[PDB]
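1. before the rest arrives, take these chain(s) from the complex:
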Amino acid sequence: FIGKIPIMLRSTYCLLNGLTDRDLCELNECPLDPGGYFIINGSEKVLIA
Amino acid sequence: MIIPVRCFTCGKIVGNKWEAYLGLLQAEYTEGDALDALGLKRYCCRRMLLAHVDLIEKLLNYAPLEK
Amino acid sequence: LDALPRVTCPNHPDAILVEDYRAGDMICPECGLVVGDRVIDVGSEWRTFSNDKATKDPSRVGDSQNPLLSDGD
Amino acid sequence: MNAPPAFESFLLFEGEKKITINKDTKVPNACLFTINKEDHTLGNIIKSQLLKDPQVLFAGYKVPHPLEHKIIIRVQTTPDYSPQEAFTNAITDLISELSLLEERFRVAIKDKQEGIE
Amino acid sequence: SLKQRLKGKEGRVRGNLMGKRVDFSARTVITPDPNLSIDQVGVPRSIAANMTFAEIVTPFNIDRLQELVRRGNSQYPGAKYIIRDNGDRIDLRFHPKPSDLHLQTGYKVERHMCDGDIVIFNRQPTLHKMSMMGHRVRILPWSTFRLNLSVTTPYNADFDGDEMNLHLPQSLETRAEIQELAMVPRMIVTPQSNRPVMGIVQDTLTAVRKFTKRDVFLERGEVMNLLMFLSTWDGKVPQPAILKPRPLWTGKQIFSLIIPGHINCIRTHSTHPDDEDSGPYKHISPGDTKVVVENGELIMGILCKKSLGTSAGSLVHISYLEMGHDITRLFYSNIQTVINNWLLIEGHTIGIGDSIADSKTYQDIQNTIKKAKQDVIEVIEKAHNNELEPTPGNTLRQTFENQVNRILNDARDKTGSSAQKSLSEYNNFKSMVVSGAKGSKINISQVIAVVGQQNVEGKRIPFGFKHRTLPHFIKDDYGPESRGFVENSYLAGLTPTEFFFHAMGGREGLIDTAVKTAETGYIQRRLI
Amino acid sequence: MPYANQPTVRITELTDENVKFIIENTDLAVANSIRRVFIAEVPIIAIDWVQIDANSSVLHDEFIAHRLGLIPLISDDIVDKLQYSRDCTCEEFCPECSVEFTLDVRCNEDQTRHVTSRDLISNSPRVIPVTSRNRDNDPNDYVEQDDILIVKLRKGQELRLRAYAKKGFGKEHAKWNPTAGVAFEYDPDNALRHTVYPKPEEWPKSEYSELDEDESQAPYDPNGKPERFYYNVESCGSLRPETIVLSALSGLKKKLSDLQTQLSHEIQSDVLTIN
Amino acid sequence: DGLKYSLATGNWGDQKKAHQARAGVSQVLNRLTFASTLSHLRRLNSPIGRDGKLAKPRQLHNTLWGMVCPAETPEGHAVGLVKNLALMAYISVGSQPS
Amino acid sequence: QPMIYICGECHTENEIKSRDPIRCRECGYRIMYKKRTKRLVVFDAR
Amino acid sequence: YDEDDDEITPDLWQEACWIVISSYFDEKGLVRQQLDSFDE
């Protein structure tokens, strides 16, 4: 074990990607959210291009 | 989320006519005519019911069989 | 006037002195005689700015340096 | 909220007074009526009833600002017929005319319709 | 460092000693309110109750003030504090029996503002001296500062959510000084350019020209209603311009009541109408497009920006020099009130209808566009043959670029002139342009006729790509559309190239606006 | 007084919801004000006080209180028996100036439940219920006749609250409206030129402009005045149309009478230049 | 912590090798309205000197056609230095040239 | 008197009326919710 | 199925094209730019 890497939401390593509309709705995470943003210390943090 | 009782503009109650509209469109495809059979003769009321979005259903969908 | 500590009520000996934060005044419950020397947590005054550019904080005038793990600061 | 209670739009206060009458000084036999806590609804119709009367020289009303429910009516009549009497007659006649409308309406309603209940 | 803390902005001198934050201040959104005088401002009850003014007790006002202490603080027209001559300041919320706190001459009472105290009202950035002026407060419901619409102009306020700052002076000496010097009625004619710094604007400005037209007649009933709003009416209703068949007052006639029976303006008339330089003098149909005021009565001609507006020679300016600021101030409030109410029966609007024209006009315009486009091909054909012959003060490229620009400008101007003519009298769009309310001839040209050649940095669209402006065009195409001419109009939509080229030219306006505010702010500062 | 202009009425059409009529030989100001009264001054009963015990719906608390306010109430019973809350000797509320409503529902089934006016009941005797399914469904079925979906619930969610309906009127809050709307028109041929048409041929003739059927479009008359006003009031369901108009006229009559009694009181003491 | 720090603060580098060259590259996702969130995720930024450099890197260059939204910049300060992709736009993730 | 503390996602009360850890027994979640008061609140329908 | 030989009417009403465009957004994210880079 070498460190902890922040995960960008609903990318291939964020566990939400493998689930369908009903499953995300069951997890209490909105199906229509776009994702792609990091979550750090309780805040969703998005990078600017 | 959920139809506004009475149309903002005029006053005509418009929750009494909601589910009947959705039912009729599922049965019969003639949305202009469907509004007419429902009785909303006038376009302020027609935008009300016509352009409303039922968001309540996504909310009911959540796991929340708890809150 | 070295006996301050908040017992400076001339008309009658004090029991409690109340801080009306919004008015910036020190008030006494059972008469009426402000005695201002308004401390408004004076600690609040450096933390006043926010809407002006910060993040990097150019207007900072002191690092916390964590003193309660160190004899020297 | 800075906004007023909604009833404040019509409800008279314990200290305020429903009407006040003050005389003009610019021209003879003229008067100015102030009605407090009222709207265009009363003012507009009474102004019209006074104009209908041929002994009224001038009659008019305005509300000075919409956020402070108050109306004023200026009336001027010939120097032999008080503006107070004209104001009284115009109202009483209007009540009578409305009552005739009211009576004639119910009778019209009665006529053959069995769905009036 | 110590030097840095002292330095510039937010430094001890400039950002702090020379300009400190102050106490007794209020700030909120603004909304328009025709019903206020000019030098009035409406103030929210919450803002009026929270802020305070120190009256000193005299023998002859003591009883009223004692009542004010008795109202306490919990209800609006009360008092915050009472200060003893000894130096004691006393709160009026904690003490259980204010009645037991008997007042006497020499105490100061800090009471809530009430209808009639004077404040400095201000909009930053404060560009000139008329941007900060004294006003009378007027307390009313809901939470914005409400200010008469004609005061927008010196301030540059556009109730699109602009803020204002309010400041309340405390002593009688600063109240007298503000009241005498800073007051809005004193601010009417500007020393910068000896003209009236505030004129009639927006609807009142459109509604007045429409009202002064000699086609307008009012029944006895509607004349009474307008007379009812007027403040300084004499009480005598003027002799109707038409006695029979039925009694009628003309628009100009009722307007003659709202001006102070003394102002004597001649000329100021210059609407487009009548003619340019000599037509009315051919025969003297004394006409109706030229305004004449005598003995304080509008004799003939309709009103606009030229008569009624900020122009140095106006009804407002001549009245100010002649009648004096207090009479000009009742004249400003009155003109809006009589004119807003008449508008209230009349109405004013603008639909798509005011922007559409007739079939013949479009065929004529399109035929005008087809001629100009053919001519540009003609210049290009002449240019490629190497027979164009450069103008004596340019290169061959510059002559071509000058020449096509001359033709494409000439084209827009012909079709533009054609639409203004093809329009009728009822077009509300023409009513807004002609009164001088908003917009311009070129605006009319753009919505209905044709938008024309977009620009950047003073020349046609650049070759962003190698010898092209967009990938959609052929290389080295010097025609109109390819170099950024917009052939259609905002009423008929734009094509994709035009939309993108229009977007380039709209941007140049955004960058200029952003930069300009900084350099002017700095150049101004160096001068003072 | 010699100038009172009679004012005749004629009723064209009457249904459960509409009242269509013409008033003639009266003034425009009477016409406009009687219309203003139909919206603002007609009293009615509506929910006005709501207290929520437990609310687990997927909709927040004031949202529910709001929806409850707007439901119409069958005030067929003379709302005059029910006095205004301000005037009544009682502390806060009572049966003599209030009606009481109560709602308790929970979703025990696995399928989604709808909350409607039939579940909301008047503790007060059945004379002042909600508009849905009371005096009858009118052979004209509104499939569910649910009046309004107040909210939706699922397994485990529940809603328990109380509500107090009171008399109030339209110029206070929109809920106290006896009208869904009111049509109003006068002089449909523009004989009086109170509106001025550019290109008069592009305007569609109105339902009452059919008199000359002529495509000539608006014959002028310069000695005319307003005459013959056309109304069409439509009820929201809270009160039968003719009963709204009659209540409006009388209430306005009470209102003017009050101004007379105040005016007489002013001249009860000092004459104040009465003559 | 070194990555967690950079993402949280917005600063650049491990702090020892400066931070001012890539200031504000990281942000708290705005969510005022679904269009707002969706717009911030599609934001594009363009580096400059600070507060007053007027030149060509601020206006609408012709090559933006179809990449960057033609009409959508902040209304002040950075009035052209903050761009947004159009809708069809893409950004190549890169690949081995081998 | 107890303070209920409705659990994360099982919503069985945990009767936390002391200085004990806010972890809900049986259910692994550890975020809470204080529950609506029995105290009544009035809303005008306006 | 397509053959580029028996075809005689290659035209098609470019109001059809939203079906092509939808298949773009329906497949691609609306915000792939972010996601593909982090995956890479």
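-> Happy to help now that I have it. Residues are numbered from 1 along each chain as shown, chains lettered A, B, ... in the order given.
2. In which helix or strand does residue E:80 reside?
-> strand E:79-83 (DSSP states H and E).
3. Return the residues of chain G in contact with chain C.
-> Proximity of chain G to chain C, by CB under 8 Å from any CB of the partner chain, involves residues G:9-11, G:19-20, G:23-24. C-betas here are computed from N, CA, C, even on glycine.
4. Of all pairs in those, which one spans the longest distance?
-> G:9 and G:20 (12.8 Å; CB to CB).
5. between those two, which one's more packed in?
-> Set side by side, residue G:9 and residue G:20 show more neighbours around residue G:9, with 16 against 10, by other CB atoms under 10 Å in any protein chain shown.
6. right, and the more buried one touches residue C:55 too?
-> Yes - contact criterion CB atoms under 8 Å: residue G:9 and residue C:55 qualify, at 7.4 Å.
7. Okay, the residue of chain C found nearest chain B and chain D: tell me how far apart.
-> Taking CB to the nearest CB, chain B has its nearest neighbour within chain C at residue C:51, 33.9 Å off. For residue C:51, the distance to chain D equals 24 Å [CB to the nearest CB, to the nearest Å].
8. In chain C, what residue lies closest to chain I?
-> The nearest approach of chain C to chain I comes at residue C:55, 22.6 Å away (CB to the nearest CB).
9. still on that earlier bit, filter the residues of chain G next to chain C to the buried ones?
-> G:9-11, G:19 (16 or more other CB atoms under 10 Å in any protein chain shown).
10. that older thread, just the CA coordinates of the strand holding residue E:80, formatted as PDB?
-> C-alpha atoms of strand E:79-83 as PDB (Å, rounded to 0.1, in the frame of the first residue of the first chain):
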ATOM      1  CA  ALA E  79     -37.000  56.100  19.700                       C
ATOM      2  CA  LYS E  80     -33.800  54.000  20.100                       C
ATOM      3  CA  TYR E  81     -32.100  55.800  22.800                       C
ATOM      4  CA  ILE E  82     -32.100  58.700  25.200                       C
ATOM      5  CA  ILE E  83     -28.900  60.600  26.100                       C
END
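11. tell me what that strand is packed against?
-> For strand E:79-83, the elements it packs on are strand E:52-56, helix E:62-70, strand E:89-91, strand E:108-112, judged by 3 or more CB pairs under 8 Å, 6 or more residues apart in numbering or on different chains; DSSP states H and E.
12. what about the last one, distance to the chain center?
-> If I follow you right, that is strand E:108-112. 38 Å (CA atoms, centre = their mean, to the nearest Å).
13. can you give me phi and psi for the residue in chain C positioned nearest to chain F?
-> Nearest residue of chain C to chain F (CB to the nearest CB) works out as residue C:22 at 28.0 Å. The phi and psi values for residue C:22, taken as degrees, to the nearest 10, are phi -60, psi -30.
14. And residue E:418, by the same measure?
-> Reported as degrees, to the nearest 10, the phi and psi values for residue E:418 are phi -60, psi -40.
15. Please give me every residue in contact with it.
-> E:361, E:364-365, E:368, E:449 (CB atoms under 8 Å, 6 or more residues apart in numbering or on different chains).
16. add chain J to the structure above, sequence below:
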Amino acid sequence: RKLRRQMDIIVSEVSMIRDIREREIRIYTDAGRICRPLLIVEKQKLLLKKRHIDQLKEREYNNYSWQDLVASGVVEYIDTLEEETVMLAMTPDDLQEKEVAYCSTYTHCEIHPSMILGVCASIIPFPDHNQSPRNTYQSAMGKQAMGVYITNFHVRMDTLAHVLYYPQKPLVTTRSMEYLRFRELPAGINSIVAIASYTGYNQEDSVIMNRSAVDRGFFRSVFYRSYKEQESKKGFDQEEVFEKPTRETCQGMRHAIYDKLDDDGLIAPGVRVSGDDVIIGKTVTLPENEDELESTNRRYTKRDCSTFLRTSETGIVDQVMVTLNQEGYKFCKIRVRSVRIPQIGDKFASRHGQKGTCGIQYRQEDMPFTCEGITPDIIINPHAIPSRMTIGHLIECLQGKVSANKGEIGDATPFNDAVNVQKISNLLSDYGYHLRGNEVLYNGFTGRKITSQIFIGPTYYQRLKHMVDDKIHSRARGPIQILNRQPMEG
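-> With chain J now in place:
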């Protein structure tokens, strides 16, 4: 080119350009080039055929997709360097017209022109009848129009959130919005709007509003603010604790009442709070004894640092959550809900960036009514139109009128052959209105008709985050900066 279209070279990641006047060919496979999809046209015809379209419709049960479409090699991704070399055609129409036109050499074709627009410029209807800076102004205001922003907002505790009660999907839509899920989650309301001067309370970028509409719930919204507070050991001899602070023991004595708190130390869901009430009672036990010689009495063992209002006049406590944070400490979030009703001072905008403040509101009685009696919900001043030239504002409106009568949602696609002026006006007359939107309006105060007919009809409007109660402010004495002795920042 043949290999890249054959998938032997990674299409999206490889650009390939030839610059023939310098006789060199550069190829790029690096990251960070912006590229877009385009149709490949060959032999002066489309390479994409109707067979593919029917294959795309087939996907409701077929596995055929966009990636299959690229592999057919009928579309390519073209970056800006390569876009410099192509001969791009605007539409298949022009590509047909070429038999008379100047160019017959096209290589690529636009899949549709409105795609040159980014997300916010895509919510706005008929943008080309807008004078170009208006489109920039809306795209900004569009981020500030509040709406329901995700659907699971009931279990989120965003620091600050704004939700509208009754969003509605835009009566007149742009085709693009079908892919922004904008229909699912709207931003404003379909309002009934009139362009009139009225009693002139709406001069200069403001609006007259229908009070009965704000009352029937129109643009009513809820506002949530979330407060978080942490306990923290934060030192060797400091303790923070949630408790009910008392003047018998604690040191803070702030006159704010502590009575509303629960015994735990923070208030429970449903309680009403105001601009003085304490939401959470935290205290900091600090000196433990470092004041020797009977320094107990009271207000000694611990100081107060609890969190309470200063903020606003506020509303009702929605939710209170006790949990623990990343550090392990006991941590709280408390959400406070308020219901904002549109009032003089709030800011709104239509989709053309016609932003504006509310100048006054009138009850249904006063608003000028039509034949039916449709009283406007908003009156925008006519003068906002001519200098600003958002004609699109009028076109959206006229189109929205036809949609309300037909009952069919319209279509504000910015580039089509729908000759919008003539065609819509013809449809609108057929429904029985004046063909160009005017309606004979009546005056609410006197019943007389308005002499000019008023352009009246529906338009999508937005409520903004800038509510007026948030921005109001004032001072009298108050806090002093003793490092400077002047008043505080704001």
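17. ok chain J is in now, so what about what packs on strand E:79-83?
-> strand E:52-56, helix E:62-70, strand E:89-91, strand E:108-112.
18. do you know which of those lies nearest residue J:349?
-> For residue J:349, the closest of those is strand E:108-112, at 36.1 Å, according to CB to CB.
19. Mind checking which residue lies nearest the centre of the chain?
-> Assuming you mean chain A. Geometric centre of chain A, nearest residue: residue A:9, 2.1 Å, by CA atoms, centre = their mean.
20. for residue J:257, helix, strand, or coil?
-> What DSSP: H, G, I helix; E, B strand; the rest coil gives for residue J:257 is coil.
21. same thing with residue I:17?
-> Classification of residue I:17 by three-state DSSP places it in helix.
22. returning to what we had before: what residues are up against the residue nearest to the centre of chain A?
-> So residue A:9 contacts A:16, A:33, A:35-39, A:44 (CB under 8 Å, 6+ apart).
23. can you pull the contacts of whichever residue of chain B sits closest to chain J?
-> Nearest to chain J, among the residues of chain B, is residue B:43, at 3.6 Å (CB to the nearest CB). Going by CB under 8 Å, 6+ apart, residue B:43 touches J:374, J:401, J:404-405, J:458.
24. Pick the one among the residues you listed closest to residue F:171.
-> Scanning the contacts of residue B:43 for proximity to residue F:171, where the rule is CB to CB, the winner is residue J:374, at 19.6 Å.
25. mind listing what the strand holding residue E:80 pairs with, with the direction of each?
-> Using DSSP bridges, strand E:79-83 pairs in its sheet with strand E:89-91 (antiparallel), strand E:108-112 (antiparallel).
26. Kindly reformat those strands as CSV and extend each row with mean neighbour count.
-> Converted to CSV, the strands paired with strand E:79-83 look like this (neighbours: other CB atoms under 10 Å in any protein chain shown):
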stretch, mean neighbour count
strand E:89-91, 19
strand E:108-112, 21
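27. Is the residue nearest to residue B:61 when sequence neighbours are not counted in a helix, a strand, or coil?
-> Nearest non-adjacent residue to residue B:61, counting by CB to CB, 6 or more residues apart in numbering or on different chains: residue A:25, 4.8 Å away. Per three-state DSSP, the local secondary structure of residue A:25 is helix.
28. count of residues packed around residue A:25?
-> Neighbours of residue A:25 (other CB under 10 Å): 21.
29. Let me see the contact set for it.
-> Contact analysis of residue A:25 by CB under 8 Å, 6+ apart lists A:31, B:58, B:61-63.
30. Filter these down to the buried ones.
-> The neighbour count (16+ other CB under 10 Å) marks A:31, B:58, B:61-62 as buried among the contacts of residue A:25.
31. just to revisit the earlier point, kindly provide the distance from the residue of chain B closest to chain J to residue J:400.
-> Applying CB to CB, to the nearest Å, the value for residue B:43 to residue J:400 is 9 Å.
32. again, but for residue H:3
-> 53 Å.
33. ditto for residue J:26
-> Distance, residue J:26 to residue J:400, using CB to CB: 51 Å.
34. would residue E:354 count as being in a strand?
-> No - counting by three-state DSSP, residue E:354 is not part of a strand but helix.
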